[PDB]
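Asks: Just dropping this structure here.
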Amino acid sequence: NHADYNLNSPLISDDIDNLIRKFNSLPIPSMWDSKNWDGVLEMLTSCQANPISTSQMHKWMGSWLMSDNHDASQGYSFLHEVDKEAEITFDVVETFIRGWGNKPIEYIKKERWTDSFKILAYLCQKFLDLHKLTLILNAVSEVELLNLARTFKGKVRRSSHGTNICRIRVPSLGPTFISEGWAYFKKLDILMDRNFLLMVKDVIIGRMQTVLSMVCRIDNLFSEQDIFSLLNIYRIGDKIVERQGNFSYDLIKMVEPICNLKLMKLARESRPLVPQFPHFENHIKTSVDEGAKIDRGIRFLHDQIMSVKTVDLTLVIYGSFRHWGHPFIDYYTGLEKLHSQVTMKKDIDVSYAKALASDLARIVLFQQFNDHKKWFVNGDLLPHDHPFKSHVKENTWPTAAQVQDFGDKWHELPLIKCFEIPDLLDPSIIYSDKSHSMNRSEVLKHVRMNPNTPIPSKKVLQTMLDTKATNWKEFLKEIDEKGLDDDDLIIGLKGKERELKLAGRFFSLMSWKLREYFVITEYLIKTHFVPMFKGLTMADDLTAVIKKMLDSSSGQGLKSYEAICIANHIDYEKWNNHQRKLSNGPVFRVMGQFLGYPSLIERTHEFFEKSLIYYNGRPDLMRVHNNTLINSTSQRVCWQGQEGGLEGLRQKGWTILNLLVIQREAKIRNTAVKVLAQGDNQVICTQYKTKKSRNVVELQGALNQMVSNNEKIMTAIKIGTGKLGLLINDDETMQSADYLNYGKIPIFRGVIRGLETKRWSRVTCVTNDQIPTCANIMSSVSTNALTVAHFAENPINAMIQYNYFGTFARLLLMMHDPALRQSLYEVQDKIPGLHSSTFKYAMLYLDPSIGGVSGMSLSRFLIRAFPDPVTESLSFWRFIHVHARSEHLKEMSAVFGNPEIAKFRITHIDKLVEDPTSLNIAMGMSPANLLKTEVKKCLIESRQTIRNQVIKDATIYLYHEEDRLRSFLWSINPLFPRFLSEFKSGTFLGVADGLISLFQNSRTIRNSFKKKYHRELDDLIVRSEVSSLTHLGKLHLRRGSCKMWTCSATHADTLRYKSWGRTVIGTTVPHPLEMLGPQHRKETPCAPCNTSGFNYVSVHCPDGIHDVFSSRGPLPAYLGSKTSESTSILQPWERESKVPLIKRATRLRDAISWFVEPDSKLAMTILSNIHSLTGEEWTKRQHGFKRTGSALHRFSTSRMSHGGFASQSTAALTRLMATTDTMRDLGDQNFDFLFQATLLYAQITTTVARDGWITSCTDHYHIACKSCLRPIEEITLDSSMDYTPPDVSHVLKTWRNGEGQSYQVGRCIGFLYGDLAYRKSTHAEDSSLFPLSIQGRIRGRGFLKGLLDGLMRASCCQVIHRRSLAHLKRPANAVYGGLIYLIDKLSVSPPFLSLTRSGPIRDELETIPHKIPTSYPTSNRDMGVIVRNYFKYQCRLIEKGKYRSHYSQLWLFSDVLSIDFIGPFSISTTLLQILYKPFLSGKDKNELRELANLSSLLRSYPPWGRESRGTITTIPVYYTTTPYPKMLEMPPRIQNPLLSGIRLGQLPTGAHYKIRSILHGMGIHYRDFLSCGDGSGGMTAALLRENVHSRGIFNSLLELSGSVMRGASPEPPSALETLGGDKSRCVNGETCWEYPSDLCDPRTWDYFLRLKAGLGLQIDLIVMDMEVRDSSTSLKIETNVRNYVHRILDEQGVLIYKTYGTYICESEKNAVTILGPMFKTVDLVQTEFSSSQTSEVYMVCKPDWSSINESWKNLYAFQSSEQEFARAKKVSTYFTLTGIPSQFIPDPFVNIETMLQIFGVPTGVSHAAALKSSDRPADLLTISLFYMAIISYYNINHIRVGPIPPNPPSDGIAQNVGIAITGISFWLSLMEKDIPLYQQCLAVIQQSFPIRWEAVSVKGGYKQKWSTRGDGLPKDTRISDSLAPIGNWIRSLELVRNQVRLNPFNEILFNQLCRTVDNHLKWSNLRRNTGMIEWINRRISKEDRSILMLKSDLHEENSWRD
Ligand SMILES: [Zn+2]
Ligand SMILES: [Zn+2]
């Protein structure tokens, strides 16, 4: 009403002190005798006591906290009350949770832990009586005083000057005396003001709410001992601030980093082997040493903290740190420190900064030129370098060559406009209520004139109204050219309040021109340049940020060191001080060049250097001369000149400078540098990843190498940043792959965590001046609770705490509510019954949208946003009713969700047009809208006062034509409030709206003093509150209203209908709760839950949600909807920043046809006319724009159109998989429900209702409400009142701006993706899933051929730009090349890739022969393969002949807006016909030049057979009673890619043949089987095809993490493509994943036996290929079979168990474990890989050990390379391919072409090769060696000349050339018969394929050399994971050999091939110079493991939307 509860402004004890002065003897204050203090002096004399003053204040403060000698009572009673109320309200939540997540809860009291409750009772005693003192000393009215006096037992005492001294007795401190703003005295003899008292209230209530929040949770994360430990921490903290006064906060400023350091230490304990970084801990230790040199016990503090054993408790402490906090600021020392840190003279390297500036210019030139493909430089330049050629051509845009050539002069050019200055109309985009200083003459005159009084800050809005507006154009123009005038350069300082630094570090406020300057330039920055930089999270809302928080790939103790992201975070000193001109100048010069006005934005440090600085808190001390303030008294309280700094100015700008330094110094090592820059404070994620560590000392060394690399980066950054004059510290920190800290938000391991302590330590705090009301405190507990919910895991602790802190608050306001000025117990007579179940529930539970007060629904913890408050809560209430196990809850459901509707008025519709979705209620008069009404009213009733023409004309327009718009809008019968609102905003009235709204509540009541309105607003507040509470008392009608709806969405509609006159467009969305209802658990039957059909969402949690925050989690994510919102993470101004007016009008014209059509012409001529009033009439009309889209969620103006966001931790959402693709069957009309919200809801509800489960799980959601599932329509409104936009605003427009068949789908999305992929921005869902709102049916080869078309065109266009015109050689190669690049880029790109996983497109990709995948769900890898493969097939057909586009009717679609497609598409048909046609040159060059200029100016059962059947090496075995145990040779292990390669016709794997060999020789007849442990279903497919009449049970460990399923189910096992798409014979096909697919445990067996008794299978056969990695898991599964076997397996039945030789000789024989009637084991070659211990155990079910030993000697691992090799020859002799149909095999060239293309060569070469392979089957060897050559020369270049070719072994290229050499030389050795190749091969694959590196100088720069037999630099390559591609090699070349013979290696031919395909290089250059001839018989012994010296790239961490 007047002043503030909780804390606003800093401490500054000087006030108190000088009052002690004036009081005491008159030691004299300074100048403040002016003050009215004599009231307090009358208190001081009338009650004589004596103060203590400051340091002592903080002493007794420390003492007084946590004290026992005290009273208690009110504490006990209060808390018990809270307890009771909360029990009731928890009745409500009880039924909610329990009906929602099936888990029931009991209300745990807070009395349970005893001592905790005692502690908390003392704190409550203290807080509650501090709440009283708060209340009293902040009240103006004698009435409030008398009511509080009667309520709180105190009394009024009038003092002689007419000053009321209240006297109060309170149980903590005993007696107290209180007067205007001043307090206390006797008992503890102390004086205090509002500021000090309140910060103490903040303290105690912090401790209170934190202890409260933790003490009893549902999860027990705490015990009274832990709490005892935190309490101890408070005790210690106290003891510090006890021992001395304010100085302790040094040591506290130490507390929060000590906390940081314990955190780091834990998250380091995570993956133990990493070196710690001594830096930070050491620094800390030193700070504790010095701290303990002053005062110890900080020692004990630090110690006990780091003694804390938990994550949580630590995080709490770090969550507090501010407790026992907030010391007095000394602004003197503050200003000294500041001014010095400014004055500091900095060494600056200039040309360094200039090089940065250049780097930037390069950046945005690239971006712009990759956007509009129009170089933005002038053609005025020197006819040289790149530029002339460049801009003239419209692309020279150069290469590495011309970039190296070009110095970094990018900052020197003639740079043009580029970014256009957005129109700022309405204040929203500029102004907030922050203040600013008055001009120079005036401040100076307010120092000369009344001195003693601090000079005020002129509120931005008050000056916005009273001063003539800004001409943005002339402003910037004149600032640019001549700069600002002296009288506008002034900066005021205010000590910001919370800092905890004894320094105080003053926040700044400018003068009006400086204000506007910094704002508009800041806004140009953020709008244009901010986005050109990754990292720098400013514009980011939340979801985006969290994505940027998952730009830390941290965590993973699971995978351990196989990938790591180190994390640096840096703080500087004063970033916002040490900023300097001579550094910042060039870059901001560049930025200036860019935004229209050169040398504009560079004037920052100039305006600082010229300006005045002063601290408006002490004007007395400043003296006036020469338009200068001088310090006089020598405190440095003001000064002239500055070298820059002061906080929030060019935050973004200086941050872009730094971030550029980083991106420049990132280049040094190519290390992966990810960055997050929040203003000052920044973090650098440094990514590395490892290749499969072996000896564990490698981890030590390698990780220490990651550290070394890291420290190098940091050092380069230190020096670099240092050159600019920014001091970086060696005490500023970093952590390992774990932790990270960003803007005080912790990420721990791989996961975000909030400070529940902090949010709950806020609670009852009310924001500035707002004061607590029924609405406000509830609003606070609410928002903070939803925050907690949002950051934590399953949002429950937030719900129960909500209930608690809510009813805590409610009892506080029941005690007294400052709004009603008296207690609410006392008020019963006035207003209806406040004390009821009704009122309680209402106050804390019904939403405002149903029309009651406030406090959520408990439905909002679910979807973070969602656009239907009404439906949401009404749905909630129906739901709590239906699951209510009581009566009065039902009573409350009817009561609540039948809101009494007030009778319609055009007034109300004005309100609920201004905001949509809501309803007309018998209350709802908010202080908000009432104050909006009042400020509208006042602002309107003075339109003649306003000195601003923008605002004047806006107010006029309002006062005149608002009615016209009102009625005109209101007459549209299909009532479309979204459109009425967007139009309403988009009309020139958007100004009126912006400003009227712009005033924030408290700031408004502060700014409403502008006029006669003083009392009205206060009694209006009283009006609103009495009415509110009156509405609840009224809401005790119980049961009086109607009943339980049916599916409240339809009823929310009907209620909206009854609310208004008519029905509404249907903008209401049934929300997930009522429609999807509780979850069906598929682990249970769910069979009645089956609707058949797909009315079914599902979610998977493999491994389950059990323990989270403890690891990152495997699965990718799901964040939410796409479009952003208002940022709630910070508080600068930013809410309405989005979407100015011209853009609005433009966009609702970009609506038109959608829901209106031009045919309507009325609303339309109107729309265009709005666009004509804002602008002029630029309308060309529009036609053919028909849009079929949904009208509820989607329609908006560029703003949030969204469906919702996840309110949940990333944690569970990382352990889950949401699946959508199951629902394709609701395609229907493409109607209401939000897939976004639904998916989100499934996620949360799943997490909540699982809450921990380790057995994994699968969950079903089937639509319960088919009725309010609600099919849509498309209504196109028109109506009319015959309205026209009046009052032409072109005056304003002057002053405002500164002049700102499916082949068709294929071509559309494919060209769109080509072009967009070249622009490099948004890949999101524009490649969508299956028939869209664009409709369709067939999506075939039609879709794909078209895709190739549109895409090819897109590459046509990008290739006219991409290349120099005057070089035309073979344009075919140009365009072909571009499209190749695109295709690869697309096969990597995921959304399209899942799109091709699922659906009928798979077919068109399964028609072409490829190869089967292996990965069960088929990873992005195998998908990329298949996609590429098919495309190389079709594109091959292109590279040969001509490309026809068929069709040629360009069907543009509704999903393509404007010309981003149109122009280039037309131009691309012509351009394909021009460019791909000739294979030549002509006049076309002219045409290219022309058209490219126009573009840049335009943007102004399958057949089958027999198969390989092998030999069985048999081991019969018996077990008779007694053992003869253990004596056995344990085999060796060779990995021998050999035979794994010789298997030729392999489907996903040749285990296929193995099983054939079993069921061949071992003689099984199985009618039906169970195949478990198949990856893609290989052995399944095998069995199933082999015995055609068999049925089978498929089981696969579901390998998820390696693939991103974007809204899709993992799909069938790929292998079952084998059966020709008819999998019907495999019963478990297509459903496989949704059961317990885990074989490690039981329940899977219960499920199989289910499937046995279910389909009557009888399961003759069991087969398990485990591929066992764990003895544990093995013994586990052994026990499983041991249990379930002979109750599942049949009576003649069979069990095959694949076993490992080492593992069976190892310890616990599974052979022993399982012994049935006939028992054996076998080895089967003519299948099995060479030198292999692996063997198939066997049981037919229904001495010996020495024979076992014998057989083990007859086993393969034992046997040697002659057995190995000769056996593989035998296999070579077998026809391994045979009955395989061609669909399955690769094309026995295309695999070669693509492989050589996998190994880095050009496709042309690949193809010439593959041809030569085709042509020369006879002489193969020559061609093979030629592959060796070609891969070698294109990888490592044994020949060429160049200037400095550094280390091009560089890991990978060397890797793939090594493996190439291996596979090749393998099958070569097998052909050419040479053993020592083979021996070598084995020893190599085992260890270290040599690559010995050199660079020799023959001049011309220098040549490069690689070898083996020599020793250079050894990049020697390990191969472990590499058998697979070796296999590919052997397979391919065995596959092209086609059983055909071979002929001698023909050296002549080799030469032919070599010089043909390559430079002229020869067998010679290969022979000696550098090469692989070593692979004749020659090599060297092992040297390096150093590919295990790892590398760096970037990390792939996927979430969906932003
Ligand atoms: Zn429903
Ligand atoms: Zn189901």
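Using the numbering of Swiss-Prot, the residues shown for chain A are 35-1334, 1358-1557, 1598-1839, 1850-2109, in order.
Every residue gets a Cβ built from N, Cα and C, even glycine.
Found this in Swiss-Prot, in case it helps:
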- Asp605, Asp714: Mg(2+) binding site (BINDING)
- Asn704: site 'Interaction with the phosphoprotein' (SITE)
- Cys1081, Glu1108, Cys1299, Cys1302: Zn(2+) 1 binding site (BINDING)
- 1081-1331: region 'PRNTase domain' (REGION)
- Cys1120, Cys1123, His1294, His1296: Zn(2+) 2 binding site (BINDING)
- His1227: active site, nucleophile (ACT_SITE)
- 1358-1557: region 'Connector domain' (REGION)
- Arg1419: site 'Interaction with the phosphoprotein' (SITE)
- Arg1427: site 'Interaction with the phosphoprotein' (SITE)
- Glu1496: site 'Interaction with the phosphoprotein' (SITE)
- 1640-1837: domain 'Mononegavirus-type SAM-dependent 2'-O-MTase' (DOMAIN)
- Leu1667, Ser1668, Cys1669, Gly1670, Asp1671, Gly1672, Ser1673, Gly1674, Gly1675, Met1676: ATP binding site (BINDING)
- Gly1911: site 'Interaction with the phosphoprotein' (SITE)
- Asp1981: site 'Interaction with the phosphoprotein' (SITE)
- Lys2022: site 'Interaction with the phosphoprotein' (SITE)
- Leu2097: site 'Interaction with the phosphoprotein' (SITE)
- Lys2098: site 'Interaction with the phosphoprotein' (SITE)
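So where do these features actually land, and what's packed around them?
Replies: Around the Cβ of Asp605 (Mg(2+) binding site), 14 further Cβ atoms fall within 10 Å across all displayed protein chains.
DSSP gives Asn704 (site 'Interaction with the phosphoprotein') a coil state; it is part of no helix or strand.
Under a cutoff of 8 A between CB atoms, and with a sequence separation of 6+ in the same chain, the neighbours of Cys1302 (Zn(2+) 1 binding site) are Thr1080, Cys1081, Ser1082, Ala1083, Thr1084, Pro1104, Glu1108, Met1109.
Around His1294 (Zn(2+) 2 binding site), taking its Cβ as the centre, 21 other Cβ atoms fall within 10 Å, counting all chains.
Long-range Cβ contacts of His1227 (active site, nucleophile) within its own chain (separation 6+, distance under 8 Å): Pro901, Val1103, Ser1235, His1236, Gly1237, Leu1268. DSSP classifies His1227 (active site, nucleophile) as coil under the three-state reduction.
Mapped onto three states, the DSSP output places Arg1419 (site 'Interaction with the phosphoprotein') in helix.
In sequence order, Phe1536 are the residues near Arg1427 (site 'Interaction with the phosphoprotein'), counting only same-chain partners six or more apart with C-beta under 8 A. When secondary structure is read from DSSP and collapsed to three states, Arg1427 (site 'Interaction with the phosphoprotein') falls in the coil class.
Under DSSP, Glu1496 (site 'Interaction with the phosphoprotein') is assigned to a helix (H, G or I) in the three-state scheme.
Under the three-state DSSP scheme, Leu1667 (ATP binding site) falls in the strand class. Within the same chain, residues at least 6 positions away in sequence whose Cβ sits under 8 Å from that of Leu1667 (ATP binding site) are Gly1689, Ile1690, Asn1692, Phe1745, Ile1756, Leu1758, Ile1759, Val1760, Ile1785.
When secondary structure is read from DSSP and collapsed to three states, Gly1911 (site 'Interaction with the phosphoprotein') falls in the helix class. Same-chain residues at least 6 positions away in sequence with a Cβ under 8 Å from that of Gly1911 (site 'Interaction with the phosphoprotein') are, in sequence order, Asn1430.
In the three-state DSSP assignment, the secondary structure recorded for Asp1981 (site 'Interaction with the phosphoprotein') is coil. For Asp1981 (site 'Interaction with the phosphoprotein'), other Cβ atoms within 10 Å of its Cβ number 15.
DSSP classifies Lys2022 (site 'Interaction with the phosphoprotein') as coil under the three-state reduction.
For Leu2097 (site 'Interaction with the phosphoprotein'), applying a Cβ distance below 8 Å and a minimum sequence separation of six or more within one chain yields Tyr722, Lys723, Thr724, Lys725, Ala736, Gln739, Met740.
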Asks: Could you tell me which of these recorded positions, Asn704, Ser1673, has the fewest other Cβ atoms within 10 Å of its Cβ?
Replies: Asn704
Asks: Can you tell me which of these binding-site residues sit near ligand 1, meaning the Cβ is under 6 Å from at least one of its atoms: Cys1123, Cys1299, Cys1669?
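Replies: What lies within reach of ligand 1, judged by Cβ under 6 Å, is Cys1299.
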Asks: In this structure, which of the recorded positions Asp714, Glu1108, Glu1496, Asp1671 has the fewest other Cβ atoms within 10 Å of its Cβ?
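Replies: Least crowded of the recorded positions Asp714, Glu1108, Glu1496, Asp1671, by Cβ count within 10 Å, is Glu1496.
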Asks: Inside 8 A of the center formed by the CB atoms of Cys1081, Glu1108, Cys1299, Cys1302, which other residues of the chain have their CB, for the recorded Zn(2+) 1 site?
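Replies: So the additional residues around the site are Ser909, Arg912, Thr1080, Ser1082, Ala1083, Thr1084, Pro1104, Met1109, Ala1298, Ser1301, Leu1303.
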Asks: Fewest other CB within 10 angstroms, which one of the recorded positions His1296, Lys2022?
Replies: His1296
Asks: Among the recorded positions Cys1081, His1294, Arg1419, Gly1911, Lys2098, which have a Cβ atom lying under 6 Å from any atom of ligand 2?
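Replies: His1294, by Cβ distance under 6 Å.
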Asks: Over the unmodelled segment of 23 residues, figure out how far apart in angstrom the Cα atoms of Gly1334 and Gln1358 are, rounded to whole.
Replies: 41
Asks: Can you tell me the CA-to-CA distance separating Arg1419 (site 'Interaction with the phosphoprotein') and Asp714 (Mg(2+) binding site), as a whole number of Å?
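Replies: If we compare the Cα positions of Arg1419 (site 'Interaction with the phosphoprotein') and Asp714 (Mg(2+) binding site), the gap is 39 Å.
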Asks: Can you give me the Cα-Cα distance between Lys2098 (site 'Interaction with the phosphoprotein') and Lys2022 (site 'Interaction with the phosphoprotein') in Å, rounded to a whole number?
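Replies: Taking the Cα atoms only, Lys2098 (site 'Interaction with the phosphoprotein') lies 12 Å from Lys2022 (site 'Interaction with the phosphoprotein').
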Asks: Excluding near sequence neighbours, so keeping only residues 6 or more apart in the same chain, what lies with its CB under 8 A of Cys1123 (Zn(2+) 2 binding site)?
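Replies: Long-range Cβ contacts: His1114, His1294, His1296.
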Asks: So 40 residues are missing between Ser1557 and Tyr1598 in the deposited model; what's the C-alpha distance in angstrom?
Replies: 56
Asks: Over the unmodelled segment of 10 residues, figure out how far apart in angstrom the Cα atoms of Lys1839 and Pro1850 are, rounded to whole.
Replies: 26
Asks: Select the most exposed residue of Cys1081, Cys1120, where exposure means the fewest other Cβ atoms within 10 Å, treating these as the binding-site residues.
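Replies: Output over binding-site residues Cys1081, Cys1120: least Cβ neighbours within 10 Å is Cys1120.
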Asks: Per residue, counting other C-beta atoms within 10 angstroms of the C-beta, which of the binding-site residues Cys1299, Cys1669 reaches the highest number?
Replies: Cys1669
Asks: Roughly how many Å separate the Cα of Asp714 (Mg(2+) binding site) from that of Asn704 (site 'Interaction with the phosphoprotein'), to the nearest whole number?
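Replies: Roughly 25 Å, rounded to the nearest whole number.
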